[PDB]
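The structure appears below as structure tokens.
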Amino acid sequence: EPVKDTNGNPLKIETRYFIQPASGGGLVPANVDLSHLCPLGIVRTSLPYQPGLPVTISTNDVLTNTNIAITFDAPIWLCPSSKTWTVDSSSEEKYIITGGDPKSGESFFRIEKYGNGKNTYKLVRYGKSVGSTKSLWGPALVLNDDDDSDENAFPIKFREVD
Amino acid sequence: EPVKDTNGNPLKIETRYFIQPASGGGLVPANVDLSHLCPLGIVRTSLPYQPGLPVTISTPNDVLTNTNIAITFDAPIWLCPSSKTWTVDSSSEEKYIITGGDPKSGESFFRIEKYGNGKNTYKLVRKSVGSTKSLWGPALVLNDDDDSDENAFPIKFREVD
Amino acid sequence: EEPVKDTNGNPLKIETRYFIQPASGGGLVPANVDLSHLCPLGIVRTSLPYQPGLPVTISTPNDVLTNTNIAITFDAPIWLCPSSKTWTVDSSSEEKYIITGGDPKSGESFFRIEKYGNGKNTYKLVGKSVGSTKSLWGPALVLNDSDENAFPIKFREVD
Amino acid sequence: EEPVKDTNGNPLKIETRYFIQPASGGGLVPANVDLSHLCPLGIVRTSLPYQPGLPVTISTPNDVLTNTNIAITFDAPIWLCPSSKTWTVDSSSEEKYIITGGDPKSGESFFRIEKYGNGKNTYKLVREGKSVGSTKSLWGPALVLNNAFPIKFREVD
Ligand code: CHL
Ligand code: CHL
Ligand code: CHL
Ligand code: CHL
């Protein structure tokens, strides 16, 4: 099944989208704690009209339950690593962090339908769903223990940036 | 004559708008230099899809051109001890527009006037509001005159839904 | 009403720079207490072992004596906040953080230096003693007299 | 190859903490050079007069001698960047900032301590040899590869 944006249109690669909580504003880079500034975690901004930092998806169609990479799109980057999402294996909390390799399997996630709402999804990694936990700046994306139910998943939509 | 938003609808008081450059993204609070963190200047973010921090307009519900208004940022968090209302830093050589003004005092009053080319395009006048290079990017400053649109920073108002 | 002494056993002088160093990381420095405000500033113990702290000068409403009204003012060539460098109590707060921006001549900014424990050149600030709580950067000074919950300090003369 | 001396005129030891302080603000510390990056870090003179600097240890690739390959490594219980505390040259900057994140065993991280001018116990760093100087950066003077930036070593404690 093709992933759809908030307008019900199918997701394309090489196309800028805000990832916005379906459940404050969009998802942005921020540090998870005071122990490291780089690499960056993924936090929901508490500011209501901030749309989030845009991402592009790499594989023109994006389909559900398929290996994809998510890369922030930004003209400025304060860290010496990449803008591609990945899992902090060395973190005892398994934060989703930047600095992944867009071609490597370390950076692969899958987009799956969430609950009933249309155009609502979750991310799953290999199967563990992406949830959230309290961090310094607010809720940060973390890898949950499993993907048995949507209970612990952080529901998202994709909004096309024009 | 009523000020209009990007949809051509007239501006209302107590209504959130993005002030967006007509000439990066919207206008946001940021420090102008390394000498002070508070109060805050008004900077154009270089990030292309950042809409700006919303403002509300007050009158000392219609907003009309060439009339005294106050501009106040709207935000659930504020890192400085002073107000979210725009004003002129009289004590700076640059005459930065800064936060921390009194919305009821005349120090915080600006006027919205039509700007050159393009529908629903405006400038602020107190002397027109222009911009200069600052630490984080272009910061709003009060110019010398309002003789022409040359030095004015053109803006539009986009309704926040 | 005996003189407060520095780590060299010399009596404290007014208008003289001292590091206030925890008597039990490095010295006391200005830092934000939480993510809700940058200004005004709280008083935090740096976790860095050889950072001496930001110097303060003491004023009196030349000896600094115990159990006497004094004001503490940070000494620095730059200040990123619009208010003063004088310590005071955040009168309306939960933890009653000690914060900058006080008036050194006003009673709002008065503290008293008293002996702490049965030790040597060790003190506390005070009815209510100055303690600490966990904050963003580390321990921050808060207003709590007994030396149970007091934050013990010493004074090191700066040269 | 004569021994480098600290501010007390005592010879420098390897694996010993020193402040590197400008020979005539306070000591040298890690800080960002500009708004383009937080990591890795530059080497800046703090403008605060009583800040001694962040301590370093010197390693040899127990006396530290002049005109010999040495590595400089900051010593700290915390580090906010994902790389090492060892000094090196930012080859891919036009300023050639001295930056952290070097390999203490690689030749990229080797400097030499040479006597500077007249003052006793005063030195410069050299990496044909190029001396370490300074340029204006965001917070203040930052060390760059080229006068030289004269330094002294103060024993911690
Ligand atoms: C590597 C350092 C880094 C840090 C520390 C942060 C931190 C933050 N980012 Mg991120 N980012 C960082 C890198 C990057 N970000 C982004 C892109 C974005 C976007 C698009 C957004 C964020 C936002 C946020 C904020 C999310 C929480 C919040 O809503 O607070 C509530 C908000 C505030 C308290 C206002 C903060 C104002 C100012 C932007 C930062 C404050 C300046 C002071 C230095 C604060 C430092 C305080 C210290 C003591 C902790 C948070 C301040 C969101 C945000 O709210 O920004 C306005 C947001 O929309 N970031 C990019 C791509 C350009 C980065 C590149 O390296
Ligand atoms: C009080 C201090 C204060 C400071 C220093 C800033 C600083 C900034 N604000 Mg502002 N703000 C501050 C107060 C507040 N802001 C806001 C609301 C906003 C909004 C909505 C936005 C800003 C944005 C900005 C940035 C505009 C420049 C840019 O385009 O960068 C390009 C972006 C970067 C260089 C990445 C910066 C990411 C991150 C937020 C952390 C930056 C802080 C650093 C870790 C510390 C210093 C690092 C240096 C070396 C870069 C700039 C970093 C804009 C922005 O871009 O934010 C993401 C923006 O959209 N501010 C509020 C209301 C809550 C404030 C209330 O106090
Ligand atoms: C709002 C302004 C302001 C803020 C946020 C701080 C914050 C801090 N001061 Mg303070 N200060 C501030 C104003 C002032 N300080 C000082 C003088 C001092 C001195 C002398 C010292 C401090 C120190 C500290 C630090 C204590 C915690 C620690 O031990 O970390 C330990 C060290 C680290 C965690 C490494 C990172 C340090 C780096 C300078 C912070 C970088 C900020 C991040 C890039 C932003 C990311 C923040 C995230 C949360 C958003 C803390 C970072 C102490 C310190 O440790 O300095 C290094 C210290 O010795 N301050 C003066 C007079 C000049 C100020 C005047 O305005
Ligand atoms: C991103 C990482 C990082 C950044 C941005 C800095 C930045 C700085 N360090 Mg460094 N450091 C950083 C990493 C680390 N430092 C250190 C250890 C030290 C030491 C021991 C010292 C520094 C000091 C400094 C300052 C030197 C310039 C000065 O004299 O300011 C003058 C001081 C001020 C202007 C007031 C202090 C500012 C306050 C700490 C926070 C400033 C951040 C702003 C509130 C946020 C907004 C930023 C601006 C751009 C809008 C400078 C602010 C020196 C210093 O002065 O600290 C107080 C210093 O003594 N650093 C360690 C080991 C723990 C790090 C590990 O990662």
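Bear in mind these aren't lab numbers, they're just calculated from the coordinates by the rules spelled out. Counting neighbours? That spans all protein chains shown, and the Cβs are built from the backbone with ideal geometry, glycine included.
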(request) Assuming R0 = 56 Å, can you tell me the calculated FRET efficiency for the pair D:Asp63 and B:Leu64, based on Cβ-Cβ distance, to the nearest 0.05? (result) 0.10
(request) Give, rounded to the nearest 20 debye, the magnitude of the charge dipole that chain A has about its Cα centre when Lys and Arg contribute +1 at Cβ and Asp and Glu contribute -1 at Cβ. (result) 380 debye
(request) For a label point 7 Å from the Cα of A:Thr133 along Cα→C-beta, name the residues of segment A:94-119 whose backbone N is under 19 Å from it. (result) A:94-99
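How crowded by other chains is C:41-50, given as the mean number of beta carbons from other chains within 10 Å of each beta carbon? Write down the numbers at each step before the final one.
Numbers: counts 0, 0, 0, 0, 0, 0, 4, 5, 6, 12.
The shielding value for this peptide is 3.
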(message) Straight-line reach only, C-alpha to C-alpha below 16 angstrom: list the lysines that A:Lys83 could link to, leaving out same-chain residues fewer than 8 apart.
(response) A:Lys103
(request) Give the residue from A:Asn119, A:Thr71, A:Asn31 lying farthest towards the positive end of the charge dipole for segment A:19-162; charges sit on Cβ (+1 for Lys and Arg, -1 for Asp and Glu) and the dipole is referred to the Cα centre. (result) A:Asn119
(request) Pop the C-beta distance of D:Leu80 and D:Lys115 into the FRET formula with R0 = 25 Å and round what comes out to the nearest 0.05. (result) 0.10
(request) Could you calculate the FRET efficiency of D:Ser47 with B:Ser46 from 1/(1 + (r/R0)^6), where r is the beta carbon distance between them and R0 is 30 Å, rounded to 0.05? (result) 0.60
(message) Through the Karplus equation 6.51 cos²θ - 1.76 cosθ + 1.60, θ set to phi - 60°, convert the phi angles of segment C:129-141 into ³J(HN,Hα) values in whole Hz; use x for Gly and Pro.
(response) 8, 7, x, 9, 9, 5, 10, 3, 8, x, x, 10, 5
(request) Return the sequence-ordered ³J(HN,Hα) values of segment B:3-15 in whole Hz as given by the Karplus equation 6.51 cos²θ - 1.76 cosθ + 1.60 applied to θ = phi - 60°, using x for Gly and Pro. (result) 5, 10, 7, 5, 8, x, 8, x, 5, 10, 5, 6, 10
(request) Report Rg(Cα)/(2.2 N^0.38 Å) for chain D, keeping two decimals. (result) 0.95
(request) Name the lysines eligible as straight-distance cross-link partners of C:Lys5: C-alpha to C-alpha under 27 Å, and not fewer than 8 places from it in the same chain. (result) C:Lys13, C:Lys85, C:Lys105, C:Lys115, C:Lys120, C:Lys124, C:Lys128, C:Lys154
(request) Please compute the net charge surrounding A:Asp73, taking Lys and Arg as +1 and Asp and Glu as -1 over other residues with Cβ under 15 Å from its Cβ. (result) +1
(message) If the reach is capped at under 19 angstrom between alpha carbons, list the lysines near A:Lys4, excluding any in the same chain fewer than eight residues apart.
(response) A:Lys12, A:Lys113, A:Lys118, A:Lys122, A:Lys157
(request) Run through all the Cα pairs of the protein assembly as shown and give the fraction in each 20 Å bin from 0, expressed as whole percent. (result) 16, 40, 37, 7, 0
(message) What distance in nm lies between label points placed 7 Å from Cα along the C-beta direction at D:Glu155 and B:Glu159?
(response) 7.5 nm
(request) In whole Hz, with x marking every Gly and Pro, tabulate ³J(HN,Hα) for segment B:41-57 from phi via Karplus 6.51 cos²θ - 1.76 cosθ + 1.60, θ = phi - 60°. (result) x, 10, 10, 7, 5, 8, 7, x, 10, 7, x, x, 8, x, 10, 10, 9
